[PDB]
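One chain follows as structure tokens, the form deposited in one PDB entry.
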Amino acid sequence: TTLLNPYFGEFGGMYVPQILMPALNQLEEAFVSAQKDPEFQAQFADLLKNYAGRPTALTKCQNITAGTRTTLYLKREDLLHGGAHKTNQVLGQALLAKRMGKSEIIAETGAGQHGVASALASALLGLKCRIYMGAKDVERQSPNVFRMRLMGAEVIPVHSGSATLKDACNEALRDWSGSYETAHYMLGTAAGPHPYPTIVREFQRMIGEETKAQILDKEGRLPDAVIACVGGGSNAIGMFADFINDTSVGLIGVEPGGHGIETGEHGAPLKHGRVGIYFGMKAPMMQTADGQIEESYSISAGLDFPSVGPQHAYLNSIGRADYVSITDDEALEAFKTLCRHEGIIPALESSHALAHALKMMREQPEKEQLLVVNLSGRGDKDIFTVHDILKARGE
């Protein structure tokens, strides 16, 4: 028995060992309670405003659309404290942890942004934070590992399996199964077992709510489409949620195409994977023909979650949202273009969303369209990667 529906159509559920079910049920009850509690909402609002810096700007980008009939806005989650959208929902989940009387936080991270967000929230709110991270990721994300450590979090390398995000995901669930009486599992995306896809959406939905109010103020109408990258699904469902019932507004999610879908070296399970059951949910997976879970490949470290949130799989199945992919090279071009023409260095994750908006514009330059791209993070973290590529090419 649950209070809320664990499924989005056929997708989602609570596919965990029996021992973890009480932890999920406890968390769902706490969330449902919190959502009706004006005191909780006020505390969350206070942290978002006065600590994280909400509301974030909605920036009109005039240079990049010159000579076309596209108007493009960027929702500036890159300006949130920590440098990405991840901060919003960690502050909400840290408050849920406290509501439940927990004093410890467990988190998984791949690229390190969710780990940093979890560590900063834990430091502010007096929680002891431990972060699982695949050993291969630890090795390639020394800067983020160091930020996490400066903020007092324990970073635990995971050597099992592929030593990447999925393996860190498993380790976090293993820990929580034993520790849930005192520890909360701060899952970093809109995926995993119920109630996480629901909680993460509700604690990211201010992205779309603010976007709607901002675009109404500036343009007097809703956007033709809102566009967001999809790794596990949090920034995209945060932008989409408040527009779901506005049926004229397109919802476009962009998965990483990597070296190209046809190479198989990508991270686009929603459109090019196969439904499976893993990490507590039934959803599209990167997996072998015989059902072993595989990694997502992308230039962008943050689009590495090898599945996708079940609400995205559902919105796609009913035709409410459309999902596309953007290759490494397309994302890199978009990165360069925004730096040079708007003076904003975007995360390479977010660059996938921008690349698709640029394609919408360039393909049909005399189509009148009002687009919003969710700029999920800043790209300071990516300048070394980009530097190394441009050198290798001979640029």
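All residue numbers are counted from 1 along the displayed sequence. Under this definition, the rigid core comprises the largest set of C-alpha atoms superposing within 1.5 Å between the forms.
As recorded in the PDB entry, 126-134 is the stretch of 201-209 and 126-134 with the greater mean C-alpha temperature factor. In this entry, 383-391 shows the higher mean Cα temperature factor of the pair 5-13 and 383-391.
Per the deposited coordinates, the residue with the largest Cα temperature factor out of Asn316, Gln89, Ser103, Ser300 is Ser103. Set against one another, the Cα B-factors of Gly250, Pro195, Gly232, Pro143 in the record reach their highest point at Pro143. Annotation for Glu333: CA B-factor lies in the lowest third of the chain's modelled residues. Residue-level temperature factors show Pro346 in the lowest third of its chain, judged at the C-alpha atom. Sorting the modelled residues of the chain by their CA temperature factor places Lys36 in the highest third. When the modelled residues of the chain are ordered by C-alpha B-factor, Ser160 sits in the highest third. In the PDB entry, a CA B factor belonging to the lowest third of its chain's modelled residues is recorded for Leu354.
Omitted from view is the form deposited in another entry, to which the following refers.
Only one of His259, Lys136, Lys271, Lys98 has its C-alpha shifted by 2 Å or more between the shown form and the other one once the core is superposed, and that residue is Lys136.
Comparing the forms between the shown form and the other one, the C-alpha position of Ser160 differs by 2 angstroms or more, with the core used for superposition.
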